[PDB]
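Worksheet for the structure shown next.
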Amino acid sequence: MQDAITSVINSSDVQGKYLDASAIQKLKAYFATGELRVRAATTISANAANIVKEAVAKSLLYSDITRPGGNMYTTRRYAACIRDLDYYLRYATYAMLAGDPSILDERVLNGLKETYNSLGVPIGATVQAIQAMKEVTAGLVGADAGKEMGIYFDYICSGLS
Amino acid sequence: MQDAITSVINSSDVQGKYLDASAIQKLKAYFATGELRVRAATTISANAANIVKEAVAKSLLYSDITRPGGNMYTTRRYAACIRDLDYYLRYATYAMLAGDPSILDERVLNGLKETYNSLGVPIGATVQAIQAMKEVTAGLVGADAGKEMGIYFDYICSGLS
Amino acid sequence: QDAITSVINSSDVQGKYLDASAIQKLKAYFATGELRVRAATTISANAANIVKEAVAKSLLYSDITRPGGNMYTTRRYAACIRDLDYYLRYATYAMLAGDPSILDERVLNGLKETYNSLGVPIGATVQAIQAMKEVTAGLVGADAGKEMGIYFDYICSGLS
Amino acid sequence: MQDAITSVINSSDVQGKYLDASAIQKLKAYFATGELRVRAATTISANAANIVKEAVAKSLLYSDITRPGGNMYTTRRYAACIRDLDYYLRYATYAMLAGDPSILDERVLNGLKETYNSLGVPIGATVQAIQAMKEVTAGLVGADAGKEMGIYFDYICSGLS
Amino acid sequence: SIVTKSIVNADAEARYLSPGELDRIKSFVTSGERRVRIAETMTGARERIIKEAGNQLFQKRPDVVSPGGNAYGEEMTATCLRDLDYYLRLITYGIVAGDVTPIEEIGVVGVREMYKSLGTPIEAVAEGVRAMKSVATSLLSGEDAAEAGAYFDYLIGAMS
Amino acid sequence: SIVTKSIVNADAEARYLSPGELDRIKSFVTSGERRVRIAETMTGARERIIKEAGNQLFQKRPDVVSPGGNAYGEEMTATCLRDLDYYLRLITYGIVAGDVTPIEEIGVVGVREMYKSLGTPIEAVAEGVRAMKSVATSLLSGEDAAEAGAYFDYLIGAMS
Amino acid sequence: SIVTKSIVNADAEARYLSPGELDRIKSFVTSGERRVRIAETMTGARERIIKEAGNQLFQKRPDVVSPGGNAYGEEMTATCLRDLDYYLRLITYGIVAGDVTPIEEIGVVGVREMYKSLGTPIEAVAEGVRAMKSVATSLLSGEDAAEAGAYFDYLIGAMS
Amino acid sequence: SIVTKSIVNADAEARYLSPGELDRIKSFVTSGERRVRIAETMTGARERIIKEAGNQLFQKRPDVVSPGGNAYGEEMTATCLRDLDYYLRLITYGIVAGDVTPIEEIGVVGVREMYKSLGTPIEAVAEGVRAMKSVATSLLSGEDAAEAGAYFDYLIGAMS
Amino acid sequence: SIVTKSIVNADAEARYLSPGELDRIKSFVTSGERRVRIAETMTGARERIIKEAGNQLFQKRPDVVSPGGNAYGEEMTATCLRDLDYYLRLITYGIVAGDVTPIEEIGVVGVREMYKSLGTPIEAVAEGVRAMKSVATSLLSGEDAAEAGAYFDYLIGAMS
Amino acid sequence: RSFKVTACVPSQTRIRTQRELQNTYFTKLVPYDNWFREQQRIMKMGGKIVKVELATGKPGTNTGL
Amino acid sequence: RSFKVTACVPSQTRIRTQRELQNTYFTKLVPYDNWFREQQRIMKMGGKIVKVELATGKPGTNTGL
Ligand SMILES: *[C@H](C)[C@H]1/C(=C/c2[nH]c(/C=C3N=C(/C=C4\NC(=O)C(CC)=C4C)C(C)=C\3CCC(=O)O)c(CCC(=O)O)c2C)NC(=O)[C@@H]1C
Ligand SMILES: CCC1=C(C)/C(=C/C2=NC(=C\c3[nH]c(/C=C4\NC(=O)[C@H](C)[C@H]4CC)c(C)c3CCC(=O)O)/C(CCC(=O)O)=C2C)NC1=O
Ligand SMILES: CCC1=C(C)/C(=C/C2=NC(=C\c3[nH]c(/C=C4\NC(=O)[C@H](C)[C@H]4CC)c(C)c3CCC(=O)O)/C(CCC(=O)O)=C2C)NC1=O
Ligand SMILES: CCC1=C(C)/C(=C/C2=NC(=C\c3[nH]c(/C=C4\NC(=O)[C@H](C)[C@H]4CC)c(C)c3CCC(=O)O)/C(CCC(=O)O)=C2C)NC1=O
Ligand SMILES: CCC1=C(C)/C(=C/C2=NC(=C\c3[nH]c(/C=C4\NC(=O)[C@H](C)[C@H]4CC)c(C)c3CCC(=O)O)/C(CCC(=O)O)=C2C)NC1=O
Ligand SMILES: CCC1=C(C)/C(=C/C2=NC(=C\c3[nH]c(/C=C4\NC(=O)[C@H](C)[C@H]4CC)c(C)c3CCC(=O)O)/C(CCC(=O)O)=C2C)NC1=O
Ligand SMILES: CCC1=C(C)/C(=C/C2=NC(=C\c3[nH]c(/C=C4\NC(=O)[C@H](C)[C@H]4CC)c(C)c3CCC(=O)O)/C(CCC(=O)O)=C2C)NC1=O
Ligand SMILES: CCC1=C(C)/C(=C/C2=NC(=C\c3[nH]c(/C=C4\NC(=O)[C@H](C)[C@H]4CC)c(C)c3CCC(=O)O)/C(CCC(=O)O)=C2C)NC1=O
Ligand SMILES: CCC1=C(C)/C(=C/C2=NC(=C\c3[nH]c(/C=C4\NC(=O)[C@H](C)[C@H]4CC)c(C)c3CCC(=O)O)/C(CCC(=O)O)=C2C)NC1=O
């Protein structure tokens with residue numbers, strides 16, 4: 001829930017003492033990268049429906065999971081399956097604006113280990129659906145900002161499966 | 001919830017090929033014995049206040065628990081050991097009239113096993129009370145409808161074990 | 001379960017009536033009952049001056065409780081000493097009832113497994129309790145601290 | 001030093017009546033668990049050495065307790081610390097055959113809380129020694145055979161906390 | 001119990017005990033010896049009040065032991081006077097608890113369905129405890145007819 | 001099935017099946033052979049009932065077949081054959097069940113977010129359904145045009 | 001009054017007054033003239049009480065009269081004794097009532113905010129009521145001063 | 001049972017159980033069904049066994065019901081047949097336990113001075129259980145009266 | 001910080017955050033290099049501010065300096081002097097954070113129940129940080145003092 | 001921060017025709033500040049709680065909520 | 001480094017006519033190595049360890065005997 005800003009503040013009070021110059025350089029390393037990661041937030045807030053549309057149209061719109069059987073046959077099990085995708089994309093903007101991967105641990109990645117297992121939901125489609133989703137954002141926000149969001153985006157892959 | 005009409009609808013629908021001569025035969029498997037199954041329900045509806053006292057009279061009217069010093073001795077929890085017999089009867093005749101154990105999974109047996117531990121309640125006496133209820137429910141419904149109800153009560157006590 | 005009512009309830013689990021192996025247990029409550037309301041009036045008056053002196057020497061000035069550790073920040077101190085009212089309030093609710101079964105489940109339902117998930121030091125809250133036990137016993141008397149001897153110790157023995 | 005046959009004798013002997021007919025069924029419940037615990041206890045007593053070694057390898061051999069400065073740095077503390085763990089499960093195999101945790105009550109809960117804070121060993125790490133124990137037995141002896149082992153396992157640490 | 005009626009009301013408002021409530025407990029403790037000995041002569045006269053109560057029942061309400069009643073045959077009336085013994089089993093700690101609420105747990109909260117589910121008329125067992133009313137208080141002292149007869153009004157009014 | 005939501009409407013009131021409802025579940029079974037043959041005709045003539053009716057969509061709404069559209073080309077109006085076949089499938093499942101719960105389980109509640117993610121206006125699809133209703137009843141009899149079209153009017157109202 | 005809160009406890013459960021509460025009314029009333037002469041000693045020696053309580057108020061906490069505090073100066077210390085006058089008038093009502101609800105309706109349910117919005121610390125006020133406790137119980141025989149001490153100690157517990 | 005004796009003969013050597021002792025304790029629990037059927041005939045006819053085996057004490061030893069004897073008096077014989085009832089309780093705990101150890105935890109040690117203090121002859125109650133041996137094996141069959149006759153002759157080793 | 005204050009505001013209305021927020025976060029990072037300059041001015045002043053202002057509250061309030069106050073003693077004057085070191089080291093996290101979400105949860109949330117348990121005047125520390133505010137504006141260059149001095153003004157207005 | 005509570009509680013005063021299995025057994029997510037009140041509400045009906053491990057995690061932290 | 005304990009053990013083995021009263025409520029100094037055997041001797045004697053005092057312990061000091 002804490003960012004990279006109050007990461008060093010929380011480590012300052014576990015150690016108790018005031019933050020020193022090495023802790024100052026950890027905080028001001030955000031400030032060299034702060035004005036560029038907000039530039040990613042400008043163009044990712046616009047076309048947020050566009051990123052989750054064609055990522056379905058890459059490999060999930062004519063598929064066996066979309067044909068009888070599967071888990072996107074009916075429109076209601078569709079209506080969560082696309083609803084999870086922008087929820088990953090919104091919280092990826094929440095992660096990449098704060099520097100910390102700890103925001104989406106308790107808000108997204110809390111129950112996703114067993115709720116996808118208990119409902120009979122393929123994660124291996126959704127892991128396939130996000131690595132194509134990861135590559136199209138770095139083309140749209142630029143490669144200077146698309147790299148740093150990807151390690152918060154590949155943080156989702158470590159908690160998913 | 002899955003009716004046996006909707007289950008044989010569902011088994012063609014997960015394949016997505018249309019209803020064949022085998023798939024319409026399952027409806028004719030339901031509609032040929034449909035008439036007695038409806039007429040079984042009006043016997044069990046008018047007698048459900050009557051039949052619930054002979055189930056404990058065959059099993060738990062005088063016993064080692066229902067005396068002072070055991071469970072089913074408050075008259076408050078004696079209401080519960082009649083109302084749960086009303087619960088098991090009213091949901092079996094739904095499961096009779098639909099022809100499924102799936103409504104029994106959803107409503108009566110979704111969490112029923114775990115709650116009977118921490119309430120400190122005898123499970124095995126309630127196993128015998130439904131098993132005593134078979135011979136009183138088959139005397140009035142006839143012999144033919146008495147055996148098709150027997151597999152639905154047997155899903156409960158196997159599910160309660 | 002309000003110790004008049006528990007030996008009523010134990011009679012019905014026995015099934016038989018109120019026997020004179022248990023009638024004198026009612027007279028055991030009625031003997032100490034005249035001091036029992038009188039011991040309640042002191043501890044209700046001396047309610048929150050105790051928890052100043054309770055933690056005060058018990059652990060209040062312990063450095064390990066100001067630097068970095070569970071009970072050290074502003075919000076978690078006053079959340080913790082909130083329960084020191086409720087530990088003390090239910091200590092009275094035990095001894096007004098004369099009974100440990102109103103105490104075994106309200107304050108004491110799942111608090112062993114709550115406080116491990118919070119990261120509470122278990123024995124430090126025991127060490128807060130063991131000689132805040134005496135400071136309410138000092139005002140009410142050691143004759144009245146004996147019934148406070150059993151019921152105040154019932155929490156931490158149930159917490160450990 | 002009591003057993004479930006002796007427990008139902010002595011608890012009836014506070015009332016001092018004869019054998020209660022519902023309480024006779026608890027011995028039949030003790031008979032139903034009887035012939036599986038003897039197959040359970042031979043599995044533990046064979047593999048008693050490595051199951052101490054497995055339970056400490058899960059959460060104790062690489063943590064801050066045996067990282068130096070704590071009490072588990074010196075070996076004569078540490079070999080005694082293994083020795084305080086071998087008497088835990090050796091008294092736990094007695095608990096299945098007794099069928100009551102009174103064997104833990106008169107022996108392992110006699111002065112163990114007051115001696116552990118006397119030396120100042122960590123209580124929660126001792127809980128961490130036995131919550132790691134409570135899975136590695138049940139993985140090896142059977143799921144039903146590990147079911148009645150955990151009810152004596154939490155009786156240790158709740159008597160220790 | 002009367003202590004239960006105070007310390008769940010003070011538990012709800014997160015407060016201590018008011019001394020107006022505390023003197024209700026103090027007056028309960030002094031009136032315990034006057035209250036317990038009413039139950040001691042109720043336990044001595046256990047096999048006395050029940051005998052004429054059926055004779056007060058069956059001479060006014062003879063339909064149960066007539067052919068066409070639920071208490072037909074000598075096996076059923078022997079359980080029926082046993083069930084009226086259960087209500088006298090309930091009453092003799094109502095004059096120990098001081099008020100209704102253990103009768104409210106074990107007597108009245110399932111009685112409108114169970115006697116209906118067991119085929120008996122609910123008014124007849126409501127008659128059987130009010131026919132017991134005249135032959136219980138007259139079997140004890142004249143001042144305590146209001147005390148022991150107080151909890152008989154709950155047993156009348158809940159069934160009827 | 002007409003059973004399973006008459007179950008649900010009797011479950012929430014905590015009641016058995018009423019005899020007024022029990023004729024409705026009786027008359028469904030004796031008329032179950034009348035609906036399976038009219039669902040055979042939709043099973044048999046499923047190819048003709050989509051192919052000309054798709055041109056009734058494009059005659060009345062030619063915005064979809066325009067370039068720059070959602071469903072443009074030989075391969076994307078192919079997907080309208082790969083989408084409207086399911087609605088022609090599910091109406092047959094609405095007929096043989098007796099009501100609209102196979103419609104309600106598959107293709108109703110998520111279509112506001114389905115076709116938004118697809119980018120297709122739903123009322124463009126829905127006027128293809130209402131034109132399909134006008135050509136489905138060309139195959140049906142004068143009796144069966146109402147009841148087989150009664151499950152059509154739920155689908156037109158679900159899109160709009 | 002005890003007849004206030006024994007009504008609203010019976011009004012909370014839509015019930016008549018139980019006869020376990022009617023003897024609490026009657027024994028309050030016939031002992032009610034005992035409470036009059038207890039309260040007559042309070043108003044008969046109110047100048048005596050207010051003189052030798054405020055002196056030890058400035059002995060256990062002698063810094064309230066120091067500058068930088070509220071009660072420094074002749075007018076500003078006079079608002080303390082003006083507020084000390086406003087307390088024992090309510091405990092004069094509290095003795096006569098039998099319940100502490102005149103003190104609840106007048107002088108406790110906003111003191112937790114209205115003094116820190118005025119500048120007087122409650123821990124100095126709670127000493128000032130218990131300084132009166134040593135002298136008001138001393139001005140009466142200890143049988144009648146035990147229940148007289150059982151009212152203003154609730155206010156100290158409602159300050160602490 | 002022997003499970004107690006298996007552990008204390010293993011905890012004294014600080015070891016786990018032998019496989020020969022493991023087969024010993026799992027053979028007891030299968031015989032634990034068989035002793036339950038023994039005790040049901042004892043607890044079924046517990047009213048039968050004492051009331052003429054105590055007469056055989058009076059036929060063999062008429063000293064104790066002669067004046068000068070201790071058990072003489074109808075209030076003393078009623079406690080005497082209560083006393084002979086108590087060992088039959090201990091036997092029925094020891095059939096189902098299978099050893100002498102519930103008798104070796106309740107009623108065996110003080111009997112040389114239990115009856116010295118009461119002044120009753122110790123050889124008389126030794127012959128009461130010897131009559132109570134021969135009565136209770138007569139209510140059993142041949143093979144199963146030997147296991148229940150094992151603990152009948154244990155008690156006369158204590159008394160004589 | 002101003003990220004996490006806004007991120008929880010965007011999540012509560014479940015949307016991508018405003019462009020009104022985009023000028024907030026851009027101006028914070030581009031003015032952060034002078035924001036870290038304000039924190040290092042407090043490094044070398046961390047004994048200079050607290051030595052004057054604790055004595056300045058002792059002359060603004062000489063209630064405390066007498067025996068009977070709350071800082072009175074070499075561990076007691078070191079109590080408030082250290083807590084003033086904490087509140088300086090508290091809000092210097094919140095200068096570079098730029099908003100109140102680090103200061104409010106670990107400084108402000110449980111205060112009023114703590115200080116009444118600790119016996120400290122809340123009005124003392126309210127004007128004590130007012131003494132801390134006035135010297136903080138002097139050593140900084142006016143406007144950067146004015147953006148950092150409001151977090152002092154948050155801390156003044158949120159105790160009382 | 002939030003907890004994952006599960007608990008069992010009956011009702012005493014009435015007998016209900018509706019099923020109430022979700023009312024007699026819970027597995028709820030409750031936040032940190034409601035839990036000081038939500039735990040006490042099960043005490044008034046006297047229901048037992050069992051497993052109360054937190055799902056949001058990070059215990060013993062100071063800032064960041 | 002050693003311990004100091006007090007304990008209570010009854011003996012339900014034989015009736016003892018003489019004084020057994022230092023035998024039942026002894027407090028004792030015990031050394032460090034003996035105590036794990038000595039508590040084990042108390043435990044199968046049926047004793048009750050009521051208090052283990054500290055003062056000759058200096059606990060946690062892993063060296064210096
Ligand atoms: C007799 C005055 C009335 C009457 C009695 C009657 N009762 C039964 C059987 C039962 N009655 C009860 C009711 C209670 N049991 C209790 O323990 C309590 C107090 C907590 C009550 C209120 C129960 C549980 C039974 C079942 C057997 C049992 O006691 O456990 C019968 C027999 C009916 C039968 O079918 O066997 C009779 C005749 N009936 C009347 O007509 C009188 C009004
Ligand atoms: C942000 C907070 C949040 C999270 C983490 C969340 C997860 C979540 N995903 C769910 C379902 C789902 N999730 C998927 C997932 C996918 N489809 C696939 O085929 C792939 C394997 C993958 C992505 C392409 C599907 C198909 C369902 C529907 C399961 C069902 O309803 O049967 C459900 C069940 C209820 C529902 O239908 O929505 C939850 C709670 N919901 C939330 O509100
Ligand atoms: C519709 C599916 C369904 C069922 C059946 C159900 C039962 C149910 N049984 C309960 C209690 C109970 N259940 C029993 C059960 C029995 N008595 C015995 O002795 C036997 C072991 C068994 C035979 C019936 C008893 C005695 C109680 C009261 C226990 C108590 O409150 O302490 C309770 C809690 C209190 C109450 O509401 O009555 C529920 C919710 N809930 C459901 O949602
Ligand atoms: C009525 C029976 C009963 C009680 C008493 C009870 C107490 C209780 N103690 C709590 C926390 C706490 N408890 C402590 C414990 C302590 N603090 C100290 O100074 C001592 C050393 C030690 C014991 C008093 C601490 C430090 C917290 C706050 C930790 C946290 O925020 O998780 C909380 C959670 C508050 C929160 O979420 O922050 C509850 C509900 N619950 C109950 O049901
Ligand atoms: C009945 C429940 C249900 C729905 C709603 C459904 C939709 C659905 N439409 C798809 C494609 C599509 N569906 C359409 C359909 C349309 N656009 C038009 O021009 C027409 C107006 C309209 C239908 C006639 C189009 C154009 C695509 C391809 C989109 C693309 O390639 O970007 C796909 C991926 C292909 C596949 O089926 O494997 C699915 C799952 N599937 C279902 O099982
Ligand atoms: C019965 C209901 C009732 C309450 C609660 C009440 C409180 C009360 N206390 C006041 C003042 C005061 N209260 C005190 C308090 C104290 N003096 C001390 O030295 C001690 C520390 C402490 C009490 C033991 C002081 C010093 C003032 C004068 C404050 C000032 O003038 O600024 C005032 C404003 C002046 C006035 O009395 O008109 C009110 C209203 N008045 C009421 O009628
Ligand atoms: C199961 C373990 C156990 C034993 C052994 C036991 C013995 C026992 N025997 C007693 C009395 C007695 N026992 C006798 C015995 C006899 N009178 C005769 O004439 C015969 C020789 C002989 C046997 C019939 C007598 C006379 C008394 C009353 C003492 C007296 O009035 O002298 C009493 C005192 C009455 C009481 O409070 O119960 C006890 C406790 N209690 C136990 O819990
Ligand atoms: C930032 C949140 C925070 C607070 C509040 C805090 C308080 C705190 N106050 C303490 C002592 C103290 N602090 C005071 C404070 C005061 N008395 C006065 O004279 C002044 C008017 C007033 C403060 C300005 C007092 C009186 C004590 C001793 C406790 C007592 O005996 O009342 C101690 C014990 C000594 C130690 O640290 O080991 C702590 C931890 N620590 C914290 O981390
Ligand atoms: C048969 C019943 C019984 C047991 C088990 C028992 C144990 C026991 N464990 C002890 C110490 C100890 N216990 C530990 C404990 C641990 N080390 C760890 O890694 C974990 C945190 C924990 C795992 C169990 C350590 C390190 C010592 C030695 C500490 C010391 O020397 O005081 C001691 C003090 C003397 C000694 O060192 O042996 C006793 C008497 N006493 C008994 O009567």
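All residue names refer to the structure tokens as shown: chains lettered A, B, ... in order, residues numbered from 1 in each chain, ligands numbered from 1 in order.
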Let me have all residues with an atom within 9 Å of ligand 5, counting only C-alpha atoms and all ligand atoms, laid out as a ChimeraX atom specification.
/A:53-54,56-58,60-68,72-76,78 /F:54,57,64-65,69-72,75-87,89-90,103,106-108,110-111,114-115,118-122,124-125,128
Got a sec to pull out which chain C residues are within 10 Å of chain D, counting only C-alpha atoms, and send them as a list in words?
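In the required form, that comes to residues 14, 112, 113, 116, 119, 121, 122, 123, 126, 156, 157, 158, 159 and 160 of chain C.
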Interface, chain J side, toward chain F (12 Å; only C-alpha atoms) as a VMD selection string:
chain J and resid 16 to 20
Could you write out that same residue set with N, CA and C atoms as a PDB file, in the first residue's frame?
ATOM      1  N   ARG J  16     -36.251 -19.912  12.347  1.00  0.00           N
ATOM      2  CA  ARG J  16     -36.432 -19.233  11.073  1.00  0.00           C
ATOM      3  C   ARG J  16     -36.692 -20.226   9.953  1.00  0.00           C
ATOM      4  N   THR J  17     -37.634 -19.881   9.079  1.00  0.00           N
ATOM      5  CA  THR J  17     -37.973 -20.751   7.962  1.00  0.00           C
ATOM      6  C   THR J  17     -36.969 -20.650   6.820  1.00  0.00           C
ATOM      7  N   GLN J  18     -36.273 -19.525   6.689  1.00  0.00           N
ATOM      8  CA  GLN J  18     -35.211 -19.411   5.705  1.00  0.00           C
ATOM      9  C   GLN J  18     -33.986 -20.179   6.176  1.00  0.00           C
ATOM     10  N   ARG J  19     -33.051 -20.409   5.254  1.00  0.00           N
ATOM     11  CA  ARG J  19     -32.035 -21.433   5.484  1.00  0.00           C
ATOM     12  C   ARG J  19     -30.950 -20.978   6.459  1.00  0.00           C
ATOM     13  N   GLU J  20     -30.343 -19.813   6.195  1.00  0.00           N
ATOM     14  CA  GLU J  20     -29.347 -19.136   7.038  1.00  0.00           C
ATOM     15  C   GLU J  20     -28.121 -20.007   7.317  1.00  0.00           C
TER      16      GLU J  20
END
Identify all residues of region 2-42 of chain C in helix (DSSP H, G or I) (DSSP on the backbone) and supply them as a PyMOL selection string.
chain C and resi 4-14+23-42
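Counting from atom 30 (O, counted along the ligand's line) of ligand 1, the distance to CA of residue 3 (chain C) is 28.0 Å.
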Pick out the chain A residues within 7 Å of chain I. Count only C-alpha atoms. Give them as a count of residues only.
13
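With CA of residue 38 (chain A) on one side and CA of residue 154 (chain I) on the other, the separation reads 28.2 Å.
Counting from atom 38 (O, counted along the ligand's line) of ligand 9, the distance to CA of residue 127 (chain C) is 23.9 Å.
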With all C-alpha atoms matched in order and chain A superposed on chain D by least squares, what's the RMSD to one decimal?
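The superposed chains show a C-alpha RMSD of 1.1 Å.
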Hey, which residues come within 8 Å of ligand 4 if we count only C-alpha atoms and all ligand atoms? Could you give them as a PyMOL selection string?
(chain C and resi 55+59-60+70-72+75-77+79-84+86-87+90+103+105-111+114-115+117-122+124-129) or (chain J and resi 32-33+35-37+39-40+43+59-60)
For chain J, which residues have at least one atom within 6 Å of chain A, if we go by only C-alpha atoms? Write them as a list in words, please.
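Output check: residues 56, 63 and 64 of chain J.
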Could you give me the residues within 6 Å of ligand 9, counting only C-alpha atoms and all ligand atoms, as JSON, numbers by chain?
{"D": [71, 72, 77, 78, 80, 81, 84, 85, 87, 88, 108, 119, 121, 122, 125, 126, 129], "K": [36, 39, 40]}
So which residues of chain J fall under strand (DSSP E) by DSSP, listed as number ranges by chain?
J: 2-8, 25-31, 48-51
Just write the chosen residues, C-alpha atoms, as a compact mmCIF listing (two decimals), in the first residue's frame.
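The file below, out17.txt, is the result:
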# COMPACT_ATOMS: atom_id res chain seq x y z
CA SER J 2 -7.77 -5.91 6.41
CA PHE J 3 -8.46 -9.30 7.95
CA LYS J 4 -9.99 -12.54 6.70
CA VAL J 5 -12.29 -13.63 9.48
CA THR J 6 -14.34 -16.79 9.67
CA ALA J 7 -16.78 -17.44 12.48
CA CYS J 8 -19.86 -19.38 13.50
CA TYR J 25 -21.19 -19.40 9.14
CA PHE J 26 -19.06 -16.62 7.73
CA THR J 27 -15.89 -16.18 5.77
CA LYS J 28 -15.68 -12.41 5.52
CA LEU J 29 -13.12 -9.79 4.64
CA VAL J 30 -13.32 -7.02 7.21
CA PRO J 31 -11.04 -3.94 7.35
CA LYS J 48 -17.19 -18.36 18.23
CA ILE J 49 -14.56 -17.27 15.76
CA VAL J 50 -11.90 -19.64 14.47
CA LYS J 51 -9.37 -18.43 11.85
Need the shell around residue 140 (chain D): protein/DNA/RNA residues with any atom at most 10 Å away, counting only C-alpha atoms. Skip same-chain ones fewer than 2 positions apart. Format as an NGL selection string?
:D and (40 or 43-44 or 47 or 51 or 135-138 or 142-143 or 145-146)
File dump, residues just selected, C-alpha atoms, as an mmCIF file, in the first residue's frame:
data_model
loop_
_atom_site.group_PDB
_atom_site.id
_atom_site.type_symbol
_atom_site.label_atom_id
_atom_site.label_comp_id
_atom_site.auth_asym_id
_atom_site.auth_seq_id
_atom_site.Cartn_x
_atom_site.Cartn_y
_atom_site.Cartn_z
ATOM 1 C CA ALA D 40 0.142 -44.074 12.743
ATOM 2 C CA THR D 43 5.322 -44.394 11.185
ATOM 3 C CA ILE D 44 6.370 -41.580 13.516
ATOM 4 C CA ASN D 47 11.069 -41.660 11.178
ATOM 5 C CA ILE D 51 11.157 -35.453 11.060
ATOM 6 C CA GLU D 135 2.375 -30.367 8.657
ATOM 7 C CA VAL D 136 5.347 -32.683 8.146
ATOM 8 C CA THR D 137 3.817 -35.442 10.292
ATOM 9 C CA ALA D 138 0.434 -35.251 8.527
ATOM 10 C CA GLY D 142 -1.928 -40.018 6.296
ATOM 11 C CA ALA D 143 -4.600 -37.331 6.135
ATOM 12 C CA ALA D 145 -3.969 -40.029 10.669
ATOM 13 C CA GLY D 146 -2.733 -36.439 10.694
#
